[PDB]
Amino acid sequence: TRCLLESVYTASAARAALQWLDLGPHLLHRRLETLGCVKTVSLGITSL
Amino acid sequence: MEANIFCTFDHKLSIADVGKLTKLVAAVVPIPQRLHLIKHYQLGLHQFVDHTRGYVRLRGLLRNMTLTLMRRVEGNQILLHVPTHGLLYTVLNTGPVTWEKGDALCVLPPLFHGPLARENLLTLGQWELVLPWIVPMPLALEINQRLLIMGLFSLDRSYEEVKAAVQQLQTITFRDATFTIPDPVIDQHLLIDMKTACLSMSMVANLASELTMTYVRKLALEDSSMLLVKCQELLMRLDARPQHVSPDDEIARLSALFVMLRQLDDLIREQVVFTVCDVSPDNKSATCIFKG
Amino acid sequence: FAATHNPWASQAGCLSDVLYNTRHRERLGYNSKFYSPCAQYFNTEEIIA
Amino acid sequence: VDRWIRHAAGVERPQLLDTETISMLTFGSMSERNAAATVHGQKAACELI
Amino acid sequence: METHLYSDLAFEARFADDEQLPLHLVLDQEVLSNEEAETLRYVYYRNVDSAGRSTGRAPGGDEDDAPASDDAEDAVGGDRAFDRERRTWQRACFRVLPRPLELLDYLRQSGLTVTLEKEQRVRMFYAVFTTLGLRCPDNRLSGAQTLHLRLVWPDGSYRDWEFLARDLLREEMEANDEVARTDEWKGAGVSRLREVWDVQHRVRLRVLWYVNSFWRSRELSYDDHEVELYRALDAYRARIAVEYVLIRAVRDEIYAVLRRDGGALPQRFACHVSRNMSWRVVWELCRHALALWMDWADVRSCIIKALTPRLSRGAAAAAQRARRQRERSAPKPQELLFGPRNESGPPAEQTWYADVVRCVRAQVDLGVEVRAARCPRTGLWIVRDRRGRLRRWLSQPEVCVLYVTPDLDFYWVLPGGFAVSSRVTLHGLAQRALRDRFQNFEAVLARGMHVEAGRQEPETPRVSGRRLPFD
Amino acid sequence: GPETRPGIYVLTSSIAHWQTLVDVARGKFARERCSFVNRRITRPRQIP
């Protein structure tokens, strides 16, 4: 599953997010703040 | 006996599959038995296609298999028609091979091609109507010749040399298409074919007219041309009146040589099934005369 | 009907190609926010596709 | 060599809080100051090959 | 039958260039099992003269005579040594007859007129027919020359036998329309049948002498000088000792590092220990186990089994790639954001081979395969079985185990996982000895296998006699 | 030893009360807590 979703999530933004997740010294929970669940997509250069 | 063959399906059919069937009318499909009534499992080449048993085995099975055209297909009734020799038929090509007027057609297992899809059409859960390629004579005999050369060369050679040899040999271009042999394997079938080829070549070396060995060299002394430059270049890697001459001896020797050549020739030649005289400007169908 | 007029711009891996082809420039430490007039010419992948 | 070349060409040493900012730059970033007085308009950057 | 006649014809055809005369061999249940005869792929032979020089290596001495120096990059000469050893091995034509028969009755039932001195029937459960050649550089043949025999099976396994000329030719050289050669071959027949033994006296094989063999007429000369055979004997002694000198090098390395560290052995394999176990008994058991390993080490010890894949041609390119992948700085952010995904690092699991010795009862195991992984919470080694099961012999107090890594690092282990570590010194021997004695067979194409390399192996050919003969 | 690899799970449970949930979480994640204590012991002047 790691290989599958690593292959599907190929983009500069996703790689940059994975870099930012581990570049800092802090734990995941301090860097992460949770939001709710999602319902809509308006696909674009910058999607809503 | 039967001018009509009725094929019926065990599965329930969707209207999409019925539309595909009514589109596939006038195509060619193979049948193992040439019988009145067959189930849909023994239709097509999915029955026989185990890629582990390579291309030679499937070719040998297919050339024994009989052929039929498609017809009045409806809901769960296919009604295939077996063509007889000499009549004029409409046949729809399914492979990417371009058909041009006047060419003779041959039946072969499908090859690979660029779009890499292979299009798993008509999958009835597991059963899948794989349909053969109908190929014009030059490309089909090229497949056979390249397979025989593959078997003859590959013996007693390491996989590294064979890697480059097959990478150059497996790929064929015909009318600017790009095909490659699916599975070259050295089966007993190809081994017996090579046995026949070796015996034939030995016989043509033995009984050939004595002057036909040296005619090339006499001509090379006579002439200097690009064709003859290449001819000499082939023989170069191992490099006046005749004291007697008798026409009867030459006649008998060349008759024997022609017998041996015709023995060797049909290791590559495929028995033509169709000869075309029509083409749709979209290459999608042609009108042909059947050969049996 | 020559082969080129600027070998340092027409080769597959010449100086101008690696300098301005984004498929090679993204390997370098390049900032995408700046517009380059020669991006259209040297972005071989986009024009080929 | 780097300091002399930068002095000759008139550009600052690449002062960046490297770890996060560099990833942001390669993601895309605006980094060049606007000139004070402009009577001719947008700077047509003659890109040299 | 047909292999012997064809080989006579073929050696007659090529004797002008190769100057090899043919020697016809038939083998039975003494050299190979019925399974091995039923599943034989290739038969190979190699000639070694009285100077110890293979037919296929430069006469005046070659660079393979130089030693190898333990580095994985230039792994025992690289691919060129493999190509040379490929060139030196020659392939013969062979047949397999799986049903029980006796050669006298079988040849009488064939067209050949056997004319042996006495009608002693020789029975065998299965017969494999082969004909090998031995080279005389000029019209003179030497009795100190030795001929090697190899049988190759589809799994890549092989066995080596070697015998010298004076056993092969003990008495043979002292006994000195149009007709088809087959007719006179059958009508002339054969009369002398002798048993030949390997130098180690381990394999019995039969040789047939057909009177119409072409090598008869060349009036060739034969002699066996005493100093020449002494040279052959000492060269054979040099060849046979490779694995034993390697084992002795491992012994001396073990003792040297045991002296260097002052006898204080740190743990390298993860195992729980107790402060109140008597360790003196453990130390003496280690001494006894070490002595027993010195005694019972064989050609199939883990060190040789690990040396064997290092010699394959893939090793050098793999070593280059692995070293280049290790020879990397921290990755630049550009390559992380853009381009291909990162190169896969070395795996967290490894394949090892080990020798396990027992003191409670005299018992060792040599060709043992084990899988090695590092315990994350302690950074020490954990030994797992090929199916994934944990190896418990570490806990067993009567057992000491020697492990060898693919990169020729070896661990010596006594109970508790406290270990002695050192590197194997293959410096002691010339490249020629390592490359000749052990090397993986490389397949050459034949019937029933895909021309495309790497494809799944089809059904093994398995010419058999339990079925009706196939045609 | 060298670097933290975090594990992420989404748990469905009928336990609403914080104390029982923490008790069962500590029971099931005993190895992670043991490794936490191990790192705290083995590596001074670093604070997990």
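As documented in the archive entry, the model was determined using cryo-EM at 4.01 Å resolution.

(A) Region of the structure containing the overall build of chain E. The helix and strand tally for chain E stands at 13 helices and 19 strands. Reported as C-alpha extents along the three principal axes, the dimensions of chain E are approximately 90 × 60 × 50 Å. By residue count, 45% of the 471 residues in chain E fall in the buried class. Here chain E has roughly 25,800 Å² of accessible surface; of this, 48% comes from carbon and sulfur atoms.

(B) Expanded view of the nonpolar core. Counting residues in hydrophobic clusters, the biggest one holds 41 residues, and the most contacted among them are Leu43(B), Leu80(B), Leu105(B), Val273(B) and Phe274(B). Beyond its immediate chain neighbours, meaning those up to four positions away, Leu80(B) contacts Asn4(B), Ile5(B), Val29(B), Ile31(B), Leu43(B), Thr68(B), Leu69(B) and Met70(B).

(C) Structural view of helix α2 (residues 55-64) of chain B. Residue and element names in this part refer to chain B. In terms of burial, α2 is a largely internal element, 7 of the 10 residues being buried. All of the buried residues in α2 are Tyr55, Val56, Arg57, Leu58, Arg59, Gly60 and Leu62. Tucked inside the fold, the buried residues of α2 contact β2 (28-31), β6 (104-108), α3 (137-154) and α5 (188-207).

(D) Representation of the sheet that holds strand β5 (residues 88-91) of chain B in the model. All names here are of chain B. Across the sheet, which stays open at both edges, the 5 strands sit in the order β5-β14-β13-β6-β10 with antiparallel pairing between neighbours. The open sheet has two edge strands with one neighbour each: β5 and β10 (133-136). Adjacent strand axes in the sheet meet at a mean angle of 40°, parallel and antiparallel pairs treated alike. Strand direction decides the pairing type here: β5 and strand β14 (residues 286-290), joined by 4 bridges, are antiparallel. The residue of β14 that forms the bridge with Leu88 is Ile289.

(E) The arrangement of the interface of chain B and chain E in detail. Between chain B and chain E, the residue contacts involve 21 residues of the former and 17 residues of the latter. The contact between chain B and chain E buries some 1,600 Å² in all, and 55% of this surface belongs to carbon and sulfur atoms. Linking chain B with chain E are 4 salt bridges. Residues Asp183(B) and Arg455(E) are paired through a salt bridge, measuring 2.6 Å at the closest nitrogen-oxygen approach. Where chain B packs against chain E, one counts 11 residue pairs in polar contact. Of all the elements in the fold, those that place two or more residues in the side of chain B that touches chain E are α3, α4 (159-169) and α5 of chain B. Of the residues forming the side of chain B that touches chain E, the biggest block, 4 residues, is contributed by α4(B). Within the side of chain B that touches chain E, the residues separate by chemical class into 10 nonpolar, 6 polar and 5 charged.

(F) Fine view of α5(B). All names here are of chain B. Taking 1.5 Å of rise per residue, 20 residues should cover 28 Å, and α5 covers 28 Å from first to last C-alpha, within 8% of that figure. Among the residues making up α5, those that are buried are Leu190, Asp193, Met194, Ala197, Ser200, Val204 and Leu207. Tucked into the core, α5 has its buried residues touching α2, α3 and α8 (247-265).

(G) Local environment of the pairing of strand β14 (residues 349-358) of chain E. Residue and element names in this part refer to chain E. In terms of strand pairing, β14 meets strand β15 (residues 363-374) through 9 bridges, oriented antiparallel. Note on β15: the bridge partner recorded for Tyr353 is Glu369. Taking the residues that link successive antiparallel strands as the turn, the β14-β15 hairpin has 4 residues. Here 6 bridges tie β14 to strand β17 (residues 399-404), and the two strands are oriented antiparallel to one another. When the bridges of β17 are listed, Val357 appears paired with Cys400.

(H) Quick look at the pairing of β6(B). All names here are of chain B. With 5 of its 5 residues buried, β6 lies for the most part within the structure. Direction of pairing for β6 relative to strand β13 (residues 274-276): antiparallel, over a ladder of 2 bridges. Looking at β13, one finds that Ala104 is bridged to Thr275. Summarising the sheet, β6 and β10 pair through 4 bridges and their orientation is antiparallel. Across the sheet, residue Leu105 finds its bridge partner in β10, namely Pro136.

What counts and what doesn't
- By convention in this text, residue numbers begin from 1 on each chain and track the written sequence, not necessarily the entry numbering, and residues missing coordinates are not displayed.
- All chains are assigned letters beginning with A, and all ligands numbers beginning with 1, in the order in which they are written.
- Shown here is not the whole assembly but part of a larger one, and the values apply to the part shown.
- The side-chain numbers reported here are obtained from all heavy atoms of the structure, hydrogens and water having been left aside.
- Secondary structure is summarised from DSSP: a helix means a run of H or I of at least four residues, a strand means a run of E of at least two, and numbering begins at the N terminus for each.
- Exposure classes here rest on a 1.4 Å probe applied to the protein chains alone. A residue is buried below 20% of its type maximum, exposed above 50%, and partly exposed in between.
- In short, Shrake-Rupley with a 1.4 Å probe defines the accessible areas, and a residue's cover is counted only from the protein chains shown.
- Each nonpolar core is a collection of buried residues, namely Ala, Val, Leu, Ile, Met, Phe, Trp, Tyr and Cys, held together in the definition by side-chain atoms within 4.5 Å.
- Note on contacts: a residue pair is in contact if any heavy atoms of the two residues lie within 4.5 Å.
- A pair of strands is labelled paired if DSSP reports no fewer than 2 bridges between them.
- Orientation is described by axes fitted as lines to C-alpha atoms, over the contacting stretch for helices, and by angles from 0 to 180 degrees between their N-to-C directions.
- Computed with a 1.4 Å rolling probe, the buried area is the accessible surface lost when two parts are put together, summed over both parts.
- Here, a salt bridge means any side-chain nitrogen of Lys or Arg that lies within 4 Å of a carboxyl oxygen of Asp or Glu.
- Polar contact criterion, stated in full: a pair of N or O atoms within 3.5 Å, where within protein one must be able to donate a hydrogen and the other to accept it, and residues adjacent in sequence count only if both atoms are side-chain atoms.
- By the convention adopted, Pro, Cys, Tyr, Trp, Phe, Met, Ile, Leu, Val and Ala count as nonpolar, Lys, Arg, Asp and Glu as charged, and the other residues, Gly among them, as polar.
- To estimate the expected span of a helix, count its residues, drop one, and scale the result by 1.5 Å.

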